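First the structure, in the form of structure tokens, and then the observations on it.
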Amino acid sequence: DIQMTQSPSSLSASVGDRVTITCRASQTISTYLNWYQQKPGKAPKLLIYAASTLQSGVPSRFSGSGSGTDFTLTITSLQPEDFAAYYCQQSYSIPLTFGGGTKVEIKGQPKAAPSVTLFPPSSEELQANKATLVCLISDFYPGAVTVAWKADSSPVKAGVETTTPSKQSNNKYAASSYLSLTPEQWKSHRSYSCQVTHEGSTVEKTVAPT
Amino acid sequence: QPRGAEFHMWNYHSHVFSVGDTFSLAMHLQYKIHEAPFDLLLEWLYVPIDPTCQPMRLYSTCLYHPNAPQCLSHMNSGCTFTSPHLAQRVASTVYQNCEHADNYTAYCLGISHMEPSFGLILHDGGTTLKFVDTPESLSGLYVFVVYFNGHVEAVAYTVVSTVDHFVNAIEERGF
Amino acid sequence: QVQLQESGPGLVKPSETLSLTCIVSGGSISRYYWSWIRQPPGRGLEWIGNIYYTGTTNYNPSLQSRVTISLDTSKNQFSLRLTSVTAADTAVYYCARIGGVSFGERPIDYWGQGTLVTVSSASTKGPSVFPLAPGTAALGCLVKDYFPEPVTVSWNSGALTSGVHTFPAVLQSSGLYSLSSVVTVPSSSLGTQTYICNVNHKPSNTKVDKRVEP
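Right, here's the structure in full:
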């Protein structure tokens, strides 16, 4: 088993920057590795074969170089579509092995204010003996945010199910959160509030049972 | 600037077969050659495998070193793959004084002489064995070695055996 | 321009024999290697084994006693069998091809779609779908209380592509999963187009359409 070490693990560069990732092997593998790009959810695609040759249908900004025990993949100018992860895989010796992977994150997006929306539970779910409400903030770039739930006057700490997508073609995030509770407690309170704090003033939305 | 030659052949194969099969053991040689007057020697060797040796220790970095006294003194080639001289020749194909190197090997047709101790109909290029109506006795470890101008350039082991007495092989470097 | 499709089960109980079948189209089968590759949900992907068109099966030695690869050239397919599946085998399995004819050209060029295989001690559960009605407008669909994670969400049979977000699944302490898919649309385009979200759950083999409207 030839160990393959891929560096760095995670990097963040703005749009158009030159991205360089290194791959090292335990033994000499002459021009016998390939670089693959795996977008989140999708299957990995072949980027470079023979460690220096471009696969048909790949933009020329991806370049592979090196030989022996040292190899390098270079993205000439980053684009909002190159957000995927990259792997280097050897083919010289069985078992053919892959690298640890490198997460290239785009940092070219200036701080975007999230767009906030609130959705109260539907009647069908209330008939299904469960009460879940959804608070969504979409199209914001910077890191992570804080969202709190108000039971008409008070922060509730439990029942918050927070999820985050991967970077999109606009390099923006979307935090979604579910608040789950029984229909009795859903109807026992009047004004449910979702409060979001990110990059400006503190925003909040409210729902009432109309 | 360029000098020498390079070969690669994926040095790990396994094949499982039933008795009476007509399977073909085919290997994929990949090569780049310079200095057009060269000599090729594609050689198939065999060694019977003993089920009592679960790890078949192939000391692979022995074929490249020609006269290591430490290699050919394992008291026998019982279940460890020592120097290729301790194995038995099965197939030999020689491209002697070949000149047209830059393209397909179908332009430098050479000979393939095989020892009739085995059956093993030989096929294109002498890079593949075609086993016809095989008895159980032929099970063992077959190895493919390529001599370029007298030196080993690539070697790929392949384990051929039935389901009943099938043994794995672990490649090792040194000793 | 060849395509590969996996047709294996989504859920397998522990200490069983996982079986997958990869079906190929476009080329035929012949002069290429055919391989299977594993990838844990978060970790990097690893190689399991590959097969030539005439036997010649190369196996990853870390897991060799448990894996078998068969070929069905008559049906243009190749099958993978893994006996005694443990908890660690829960992963995405891809079937792909290895080719190239040059000194160093041996890439994994054409990959398959891949399928998720998970091991647990249950049977299945169908998803529950709920609509979520409204600068611009936003509308969503919520999927709740469904077993193994692979689930696909489209809008109006895939006609609505841009401006759609499909969040990853979260784990509800009832041992279930939850997911939400949202769409942002122009304010004036609310009452004209009919918005329907289609949810497909392959492990339960359930396709459900939900219309969203205030």
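Listed in order, the protein sequences are those of chains L, A and H.
As numbered in the deposited numbering, residues 1 to 210 make up the first sequence, in order.
As numbered in the deposited numbering, residues 305 to 479 make up the second sequence, in order.
As numbered in the deposited numbering, residues 1 to 82, 82A to 82C, 83 to 131, 139 to 218 make up the third sequence, in order.
The beta carbon of each residue, even a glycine, is placed where N, CA and C say it ideally should be.
If we cut at 7 Å on Cβ distances, does residue i have a partner in chain A?
{"i": "L/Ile-137", "result": "no"}
{"i": "L/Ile-94", "result": "yes"}
{"i": "H/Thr-57", "result": "yes"}
{"i": "H/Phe-100", "result": "yes"}
{"i": "H/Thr-83", "result": "no"}
{"i": "H/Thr-54", "result": "yes"}
Could you check whether the Cβ of residue i sits closer than 7 Å to any Cβ belonging to chain L?
{"i": "A/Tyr-316", "result": "yes"}
{"i": "H/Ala-142", "result": "yes"}
{"i": "H/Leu-45", "result": "yes"}
{"i": "H/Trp-108", "result": "yes"}
{"i": "H/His-169", "result": "yes"}
{"i": "H/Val-155", "result": "no"}
{"i": "H/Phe-127", "result": "yes"}
{"i": "H/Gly-26", "result": "no"}
{"i": "H/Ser-65", "result": "no"}
{"i": "H/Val-147", "result": "no"}
Quick one, which of the options has its alpha-carbon nearest residue i's?
{"i": "L/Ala-113", "options": "L/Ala-151, L/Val-160, L/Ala-174, L/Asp-70", "result": "L/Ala-174"}
{"i": "A/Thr-386", "options": "A/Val-449, A/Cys-375, A/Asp-406, A/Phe-435", "result": "A/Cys-375"}
{"i": "H/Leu-129", "options": "L/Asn-129, L/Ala-50, L/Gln-127, L/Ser-123", "result": "L/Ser-123"}
{"i": "L/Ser-153", "options": "L/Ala-208, L/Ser-191, L/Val-203", "result": "L/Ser-191"}
{"i": "L/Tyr-49", "options": "L/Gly-41, L/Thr-31, L/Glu-105", "result": "L/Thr-31"}
{"i": "L/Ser-67", "options": "L/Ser-93, L/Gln-27, L/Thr-20", "result": "L/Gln-27"}
{"i": "L/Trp-186", "options": "L/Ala-131, L/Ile-137, L/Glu-199", "result": "L/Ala-131"}
{"i": "H/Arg-81", "options": "H/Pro-40, H/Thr-121, H/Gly-44, H/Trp-36", "result": "H/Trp-36"}
{"i": "H/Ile-95", "options": "H/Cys-145, H/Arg-31, H/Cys-22", "result": "H/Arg-31"}
{"i": "L/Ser-52", "options": "L/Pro-44, L/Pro-59, L/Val-58, L/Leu-73", "result": "L/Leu-73"}
{"i": "A/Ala-391", "options": "A/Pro-352, A/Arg-307, A/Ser-416", "result": "A/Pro-352"}
{"i": "H/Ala-84", "options": "H/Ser-62, H/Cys-201, H/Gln-1, H/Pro-14", "result": "H/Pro-14"}
{"i": "A/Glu-310", "options": "A/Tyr-335, A/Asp-325, A/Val-323", "result": "A/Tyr-335"}
{"i": "L/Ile-106", "options": "L/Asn-170, L/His-198, L/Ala-148, L/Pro-120", "result": "L/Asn-170"}
{"i": "L/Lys-42", "options": "H/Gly-27, H/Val-216, H/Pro-154, H/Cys-22", "result": "H/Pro-154"}
Using 7 Å as the threshold, is the C-beta distance between residue i and residue j below it?
{"i": "H/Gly-8", "j": "H/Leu-20", "result": "yes"}
{"i": "H/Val-126", "j": "H/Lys-214", "result": "yes"}
{"i": "H/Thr-210", "j": "A/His-319", "result": "no"}
{"i": "A/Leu-346", "j": "A/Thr-397", "result": "yes"}
{"i": "H/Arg-103", "j": "H/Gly-109", "result": "no"}
{"i": "H/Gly-167", "j": "H/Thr-188", "result": "yes"}
{"i": "H/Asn-76", "j": "H/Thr-156", "result": "no"}
{"i": "L/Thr-97", "j": "L/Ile-29", "result": "no"}
{"i": "L/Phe-83", "j": "L/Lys-172", "result": "no"}
{"i": "A/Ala-340", "j": "A/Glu-419", "result": "no"}
{"i": "L/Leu-136", "j": "L/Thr-163", "result": "no"}
{"i": "L/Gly-99", "j": "L/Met-4", "result": "yes"}
{"i": "H/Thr-82A", "j": "H/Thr-17", "result": "yes"}
{"i": "A/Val-459", "j": "A/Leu-367", "result": "yes"}
{"i": "H/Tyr-90", "j": "H/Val-114", "result": "yes"}
{"i": "A/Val-467", "j": "A/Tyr-446", "result": "no"}
{"i": "L/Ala-148", "j": "L/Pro-155", "result": "yes"}
Buried or exposed for residue i, going by 16 or more other Cβ atoms inside 10 Å?
{"i": "H/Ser-193", "result": "exposed"}
{"i": "A/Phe-479", "result": "exposed"}
{"i": "H/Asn-58", "result": "buried"}
{"i": "A/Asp-437", "result": "exposed"}
{"i": "L/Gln-90", "result": "buried"}
{"i": "A/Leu-413", "result": "exposed"}
{"i": "L/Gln-37", "result": "buried"}
{"i": "A/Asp-428", "result": "exposed"}
{"i": "A/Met-313", "result": "buried"}
{"i": "A/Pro-355", "result": "exposed"}
{"i": "H/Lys-148", "result": "buried"}
{"i": "H/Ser-177", "result": "exposed"}
Output yes if chain H places a C-beta closer than 7 Å to the C-beta of residue i; else output no.
{"i": "A/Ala-460", "result": "no"}
{"i": "L/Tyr-49", "result": "yes"}
{"i": "L/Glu-161", "result": "yes"}
{"i": "L/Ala-158", "result": "no"}
{"i": "L/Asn-171", "result": "no"}
{"i": "L/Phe-83", "result": "no"}
{"i": "A/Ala-473", "result": "no"}
{"i": "L/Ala-131", "result": "no"}
{"i": "L/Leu-46", "result": "yes"}
{"i": "A/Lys-434", "result": "no"}
{"i": "L/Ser-176", "result": "yes"}
{"i": "A/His-319", "result": "yes"}
At 3 residues or longer, and completely inside the segment 37-82 of chain L: list those beta strand (DSSP E) runs for me, N to C. 45-49, 62-67, 70-75
Ranges of the beta strand (DSSP E) found wholly within the segment 117-154 of chain L, counting only runs of at least 3: 131-140, 146-151
At which residue ranges does the segment 385-465 of chain A contain complete beta strand (DSSP E) runs of 3 or more residues, listed in the order of the chain? 392-402, 415-418, 432-434, 444-452, 455-465
Within the segment 149-198 of chain H, ranges of the beta strand (DSSP E) (whole runs, at least 3 residues): 156-159, 168-170, 174-176, 180-189
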